[PDB]
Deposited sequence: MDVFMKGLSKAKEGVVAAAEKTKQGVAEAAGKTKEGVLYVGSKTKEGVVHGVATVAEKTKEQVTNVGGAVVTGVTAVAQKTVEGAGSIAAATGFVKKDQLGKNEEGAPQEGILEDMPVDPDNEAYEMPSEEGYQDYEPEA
């Protein structure tokens, strides 16, 4: 009887300026794994099998990497 849940129940001269804002938001990620089988053999690389939630407002810079999941970087400068 497995379950994952994210709920927002709401049973029942104002001025808003630049308010009630959502910028770079992750909301409500539900994940279930039941009776799964994984075998990972990794030599020198990247393996991601889980849950990744990234929320960013601002990332700035030349040659930057903002969000990287399962990433191999082998550059030659």
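Residues of the deposited sequence lacking C-alpha coordinates fall in the stretches 1-13, 26-35, 101-140, numbered from 1.
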